[PDB]
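Next up: a single chain in structure tokens, the form deposited in one PDB entry.
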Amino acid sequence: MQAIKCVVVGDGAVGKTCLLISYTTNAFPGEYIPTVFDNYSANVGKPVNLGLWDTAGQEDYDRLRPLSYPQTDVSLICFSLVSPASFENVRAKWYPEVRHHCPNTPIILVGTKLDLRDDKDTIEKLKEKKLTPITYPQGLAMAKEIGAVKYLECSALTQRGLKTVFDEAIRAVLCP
């Protein structure tokens, strides 16, 4: 059994909690959603226990220090594919955070809310603000920029790509 600690980081409202709830319980939350999902684990794969940690705000101001204690093995940096602000924060904030608190450990870059990237209403609302969803090549390029071992897109709502995210988190630690 190899234990692994996987922490999910990123801006508020990108879908970190929903990612974890959908994957761990196969249910998508209702309108009231936990702010921070509790720590869960599974024994999966080869012999592996995958420990999953949700986060609140920036590590430095979180009394629980989920990114630092105990030691993190792999980080999922999440941004919403329909929030360009949240993508820019990968570079401004989240890659710096993981490098600072978890130096020399693998990062997976995860674009969330894949289902909304072709949602008519979502695209229109963005267009009204002179914005457009983040594309696959853009995400891939950000992943290369920050030294992420994988770029993955998913929807917690439809579960498209969701299983691959957590399989790759494990592979990043087991098969570096």
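Start at 1 with the first residue shown and count on from there. Throughout, rigid core stands for the largest set of C-alpha atoms superposing within 1.5 Å between the two forms.
Although not depicted, the form deposited in another entry is the subject of the following passage.
Looking at CA displacements between this form and the one not shown with the core superposed, a shift of 2 Å or more is confined, among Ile123, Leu140, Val149, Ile33, to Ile33.
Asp54 is not among the residues whose C-alpha shifts by 2 Å or more between this form and the one not shown once the rigid core is aligned; its shift stays under 2 Å. Relative to the superposed core, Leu114 undergoes a C-alpha shift smaller than 2 Å between this form and the one not shown.
The distance between the CA atoms of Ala148 and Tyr69 is at least 3 Å shorter in that other deposited form than in the form shown here. Relative to this form, the distance between the C-alpha atoms of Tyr69 and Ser75 is reduced by at least 3 angstroms in that other deposited form.
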